[PDB]
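Here Cβ is always computed from backbone atoms with ideal geometry, including for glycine, and neighbour counts include all displayed protein chains. Each answer follows from the model by the rule given with it, or from the source it names; no laboratory read-out is quoted.
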Amino acid sequence: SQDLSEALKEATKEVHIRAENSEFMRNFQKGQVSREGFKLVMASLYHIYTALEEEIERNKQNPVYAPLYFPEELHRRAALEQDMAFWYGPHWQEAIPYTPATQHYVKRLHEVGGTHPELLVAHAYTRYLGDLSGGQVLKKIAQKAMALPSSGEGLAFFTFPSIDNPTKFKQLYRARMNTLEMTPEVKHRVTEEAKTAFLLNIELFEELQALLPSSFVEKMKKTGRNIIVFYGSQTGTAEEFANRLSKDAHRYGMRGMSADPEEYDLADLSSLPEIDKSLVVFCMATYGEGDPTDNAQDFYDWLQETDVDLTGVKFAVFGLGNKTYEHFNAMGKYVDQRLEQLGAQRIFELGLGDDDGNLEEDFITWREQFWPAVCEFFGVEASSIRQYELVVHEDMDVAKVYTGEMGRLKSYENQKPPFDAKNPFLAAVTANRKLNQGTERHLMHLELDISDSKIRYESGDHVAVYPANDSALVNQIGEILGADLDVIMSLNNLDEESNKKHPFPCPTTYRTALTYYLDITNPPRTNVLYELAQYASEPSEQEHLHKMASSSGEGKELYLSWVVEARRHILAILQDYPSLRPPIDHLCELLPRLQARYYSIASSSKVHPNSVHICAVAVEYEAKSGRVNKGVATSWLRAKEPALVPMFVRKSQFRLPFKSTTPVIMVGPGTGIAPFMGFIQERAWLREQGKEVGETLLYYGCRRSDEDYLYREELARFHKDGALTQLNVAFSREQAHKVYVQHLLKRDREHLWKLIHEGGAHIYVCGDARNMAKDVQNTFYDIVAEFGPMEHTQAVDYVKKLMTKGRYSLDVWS
Ligand SMILES: Cc1cc2nc3c(=O)[nH]c(=O)nc-3n(C[C@H](O)[C@H](O)[C@H](O)COP(=O)(O)OP(=O)(O)OC[C@H]3O[C@@H](n4cnc5c(N)ncnc54)[C@H](O)[C@@H]3O)c2cc1C
Ligand code: HEM
Ligand SMILES: Cc1cc2nc3c(=O)[nH]c(=O)nc-3n(C[C@H](O)[C@H](O)[C@H](O)COP(=O)(O)O)c2cc1C
């Protein structure tokens, strides 16, 4: 096409297929990689990326490459050196080979970087964009086929810790590519050079392949088991889940096994009710276009044309899938919906594990609420074996006890860079004023000083904050539970080969754990109610706690209405159920960890390099349980008056256009104005530096002009200085009919289309507002369909392409 990204994708169409159909890459896809060939490719890649990043550093400020300089996010030389130390020993510097094809690739890289830097992009595209696509699956295939540690050693090349969303980053990178100004002949040369890079990788792969030359029912009867967990896996995740599930059985009073469904005629599911309290679990991954894993093909086909009566069979299904595919969890959903059709009854609800988000967290939640449901369905209420052992340290020095820090001991006092999720920096609160003018809600503007923390950030990045629970809650819990909160203790995992030795930093006090390490605020899960049922004296409340552990039946109605919908925290449950008198160590073992909370940075590092601004609305509501609930992070921050806040910075892909002349169309109702402030600041700064700045359009939305008009004075000043071109504010509560930002976009349709089509503008959408992103999206669909004559399909394809080129960025949350 005309934009460089689309031209590069279209030009390299055939060579990408040829590269991924090379014998080595095909064997890699099928899990047949072997250790020697992997060492070969990794050493070759070490040489290749060394040369590539050498030339990148050489031309990092040449205008023909400058917009593509992403060392913190993309560079691989360090991870490749780690992997060389792993795969070739401590003296890898002289032990790694240097094959002729690798030298050919390195020579081409050096020629480009030395005499034709305008082509260097074509090589980066060929490598980095490829690493951010298939790589994530290849790492898994590497982990299982070669049995590497789960800690990631040897596969550091496949890990990008500074890219939390490779799709959005690829969009940003395509955007940075299209900014490169070049003549059409140069564009054609660049596409041909991308073809050349693909061919170099292809012949490298070819050369490296030239250097290589009994029924389970009676089985469970003779082994004495009542649980079996079939896993449908291809890269080992469902296998791991099924193995952990069967492992919990022995540690729950029951007895289970994880088996491969391939070499078993599942017609033995009719023979399964002949085992006392038998239940079968299926951990099913789905591949292709809703196709089963190969190891489960015989299973899947069997459920096609069959009529085996499965009456009295107990089953449960957990699916492994990805929401980006349009056949989400087809295999798990099919197994679940089909086992009940043959007569079996569901014990626990079908789990839908998403791989786009945190699949591990979804599975942990599913298992945590699954085991109590089984124990309540079968009636084997024997109360399960614990997992953490209490050890009281009655005499111990204080310099050895965790006092609330997150990483190493005394890491909050001995603060040394780098600062990240495991070592947050304690920033001093310099400002904490009120932006809201009325009294509906409290909306605040905080400022955190990060002077000598060596922390970098850009407009659009996020800042995460570790809060602390309200001390009154902790004291009330310690009172009503009748225990001493200042008891220094520890909880040790007696699962000796599980390196998760503690539920939180230990040794520490119960007060510190309740304040900094635990949640004690969100509605409790099923597992904690089940494990607390054994501590209720009255049989009414004990039976309530037991019934709430059942996913099926009027227990779920009790659990959802009285706990979730009513928003009862742990203290409210201990209050309304006075029979509950459990110990405090078991409670600290059962409660989930306190999560950090993210906020869109509301400042530009080019004008506020030593400060991070936050714009947040305080959470405070009247729960349906009578009590008034407060948000942890927002209340904790509201109390901060100029006072340290443990925070760190997470990189996002929300970025202003590289060219200052490019216009921006920002849309952010309410708190979604947070990052745009920074944008505007930086934009204003670029005008003050004497640079030519394009149009800057803001579409903000609030209720009343005198209630929650955030940054009214600052935005007005920005507008009158010329920095903010248009201030289009939609007030949703000022007449009979409500007005949202969608209507203001619909109004300026013509100018917006001239900005998008002729000016090549960037569109931004941000905020909490529910169902707002799709409304803005449909509005842009209609604008593009109207002015630039198009069918609706052509317009939605135009907008999706803009999203691909990194011109339509979203940063929504909840
Ligand atoms: C990338 C990202 C960026 C973000 N940027 C911002 C930002 O710029 N500004 C900002 O303010 N927030 C932002 N957030 C959201 C923020 O992280 C928190 O979700 C929010 O600030 C509240 O945190 P909290 O700890 O105070 O409340 P929590 O302790 O976490 O409790 C919140 C829960 O309370 C419940 N709840 C809330 N209101 C009610 C109600 N009337 N009735 C019943 N239940 C209710 C809800 O179930 C809600 O989930 C962002 C989130 C992400 C992921
Ligand atoms: C194991 C074999 C491979 C498979 C299955 C594979 C698969 C894919 C897929 C599905 C995409 C599209 C992702 C997206 O559009 O966001 C992609 C993109 C890409 N792949 Fe790979 N790939 C493989 C190997 C390679 C190799 C060897 C290279 C070159 C060294 C490469 C370079 C790229 C590039 C440049 C893109 C980006 C295309 C674009 O969007 O412009 N891939 N790959
Ligand atoms: C080629 C391929 C196709 C996939 N197709 C789907 C799909 O159609 N639907 C879905 O929900 N997930 C799909 N996934 C996501 C997988 O189900 C997910 O990665 C799962 O965790 C794999 O589990 P495993 O490691 O045990 O094989 C697909 C993954 C790959 C690699």
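Numbers at a glance
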| read-out | value |
| --- | --- |
| Condition broken by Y598, with the remaining ones in (1) surrounded by fewer than 18 Cβ atoms within 10 Å (Cβ to Cβ); (2) more than 9 Å from ligand 1 (Cβ to nearest atom); (3) within 30 Å of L491 (Cα to Cα); (4) not charged (D, E, K, R) satisfied | (2) |
| Meets criteria (within 16 Å of ligand 3 (Cβ to nearest atom) and either under 27 Å from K556 (Cα atoms) or under 22 Å from the mean Cα position of the chain (by Cα) (or both)) for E349 | no |
| Flag for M25 being on the phi < 0 side of the Ramachandran plot, buried (at least 16 other Cβ atoms within 10 Å of the Cβ), within 16 Å of ligand 2 (Cβ to nearest atom) and assigned by CATH to the domain that holds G130 | yes |
| Given (1) in contact with a helix residue (DSSP H, G or I) (Cβ under 7 Å, 6 or more places away or on another chain); (2) surrounded by fewer than 15 Cβ atoms within 10 Å (Cβ to Cβ), index of the condition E206 fails | (1) |
| Count of the range 459-484 residues which are part of a loop (DSSP other than H, G, I, E, B) and in contact with a strand residue (DSSP E or B) (Cβ under 8 Å, 6 or more places away or on another chain) | 7 |
| Options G690, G670: the member that is more than 16 Å from ligand 2 (Cβ to nearest atom), assigned by CATH to the domain that holds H737, among the small types (G, A, S) and buried (at least 18 other Cβ atoms within 10 Å of the Cβ) | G670 |
| Among the candidates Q209, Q234, residue that is outside the structural domain of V317 (by CATH) and polar (S, T, N, Q) | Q209 |
| Residues of the range 58-75 satisfying the condition of being more than 22 Å from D461 (Cβ to Cβ) and surrounded by 19 or more Cβ atoms within 10 Å (Cβ to Cβ) | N59, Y65 |
| Matching residues, the range 82-101, being closer than 17 Å to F158 by Cβ and of a type outside the set (A, V, I, L, M) | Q82, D83, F86, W87 |
| From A122, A43, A85, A78, residue being of a type in the set (A, V, I, L, M) and closer than 24 Å to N178 by Cβ | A122 |
| Selection within the range 111-149 - in a helix (DSSP H, G or I), away from ligand 2 (no atom under 15 Å from the Cβ) and not aliphatic (A, V, I, L, M) | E111, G113, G114, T115, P117, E118, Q143, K144 |
| Within the range 158-200, considering residues that are among the polar types (S, T, N, Q) and in contact with a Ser or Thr (Cβ under 7 Å, 6 or more places away or on another chain), the one nearest to ligand 2 (Cβ to nearest atom) | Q171 |
| Helices (runs of 4 or more DSSP H) wholly inside the range 712-779 containing at least 1 residues that are out of contact with any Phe, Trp or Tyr (no Cβ under 8 Å at 6 or more places or on another chain) and either among the acidic types (D, E) or more than 30 Å from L4 (Cβ to Cβ) (or both) | 712-720, 741-747 |
| Enumeration of residues in the range 612-654 that are away from ligand 1 (no atom under 11 Å from the Cβ) and farther than 19 Å from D420 by Cβ | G626, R627, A639, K640, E641, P642, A643 |
| Tally of residues being more than 15 Å from ligand 2 (Cβ to nearest atom) and aromatic (F, W, Y) across the range 201-219 | 1 |
| Among (1) surrounded by 23 or more Cβ atoms within 10 Å (Cβ to Cβ); (2) more than 16 Å from ligand 2 (Cβ to nearest atom), the one test that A618 misses | (1) |
| Failed condition for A51, given (1) under 31 Å from the mean Cα position of the chain (by Cα); (2) more than 16 Å from ligand 3 (Cβ to nearest atom); (3) in a helix (DSSP H, G or I) | (1) |
| Residue count, the range 1-37 (criterion: under 26 Å from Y798 (Cα atoms) and not in a helix (DSSP H, G or I)) | 4 |
| Candidates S600, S552, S605 - the one that is part of a loop (DSSP other than H, G, I, E, B), in contact with a strand residue (DSSP E or B) (Cβ under 8 Å, 6 or more places away or on another chain), away from ligand 3 (no atom under 16 Å from the Cβ) and over 21 Å from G478 (Cβ atoms) | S552 |
| Any chance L269 is buried (at least 21 other Cβ atoms within 10 Å of the Cβ), over 30 Å from the mean Cα position of the chain (by Cα), away from ligand 1 (no atom under 16 Å from the Cβ) and not charged (D, E, K, R) | yes |
| Residues being assigned to a helix (DSSP H, G or I) and more than 19 Å from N527 (Cβ to Cβ) - total across the range 376-402 | 3 |
| Residue count, the range 780-794 (criterion: surrounded by fewer than 17 Cβ atoms within 10 Å (Cβ to Cβ), assigned to a helix (DSSP H, G or I) and either under 29 Å from the mean Cα position of the chain (by Cα) or of a type in the set (A, V, I, L, M) (or both)) | 0 |
| Filter result for the condition that a residue is aliphatic (A, V, I, L, M), under 30 Å from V664 (Cβ atoms) and more than 16 Å from ligand 1 (Cβ to nearest atom), over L180, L211 | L180 |
| Test for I763: is it surrounded by 21 or more Cβ atoms within 10 Å (Cβ to Cβ), in contact with a strand residue (DSSP E or B) (Cβ under 6 Å, 6 or more places away or on another chain) and not aromatic (F, W, Y) | yes |
| Flag for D797 being surrounded by 14 or more Cβ atoms within 10 Å (Cβ to Cβ), over 16 Å from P669 (Cα atoms) and either outside the structural domain of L129 (by CATH) or more than 16 Å from ligand 3 (Cβ to nearest atom) (or both) | yes |
| The listed residue being more than 16 Å from ligand 1 (Cβ to nearest atom), part of a helix (DSSP H, G or I), of a type in the set (D, E) and out of contact with any strand residue (DSSP E or B) (no Cβ under 7 Å at 6 or more places or on another chain), out of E185, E153 | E185 |
| Test for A373: is it closer than 30 Å to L409 by Cβ and in a helix (DSSP H, G or I) | no |
| Of all residues making up the range 278-305, the number that are under 38 Å from the mean Cα position of the chain (by Cα) and in a loop (DSSP other than H, G, I, E, B) | 7 |
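Every residue, every condition in (1) surrounded by 15 or more Cβ atoms within 10 Å (Cβ to Cβ); (2) of a type in the set (A, V, I, L, M, F, W, C), yes or no:
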{"site": "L545", "(1), (2)": "yes, yes"}
{"site": "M548", "(1), (2)": "yes, yes"}
{"site": "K556", "(1), (2)": "yes, no"}
{"site": "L560", "(1), (2)": "no, yes"}
{"site": "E565", "(1), (2)": "no, no"}
{"site": "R568", "(1), (2)": "yes, no"}
{"site": "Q575", "(1), (2)": "yes, no"}
{"site": "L580", "(1), (2)": "yes, yes"}
{"site": "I584", "(1), (2)": "yes, yes"}
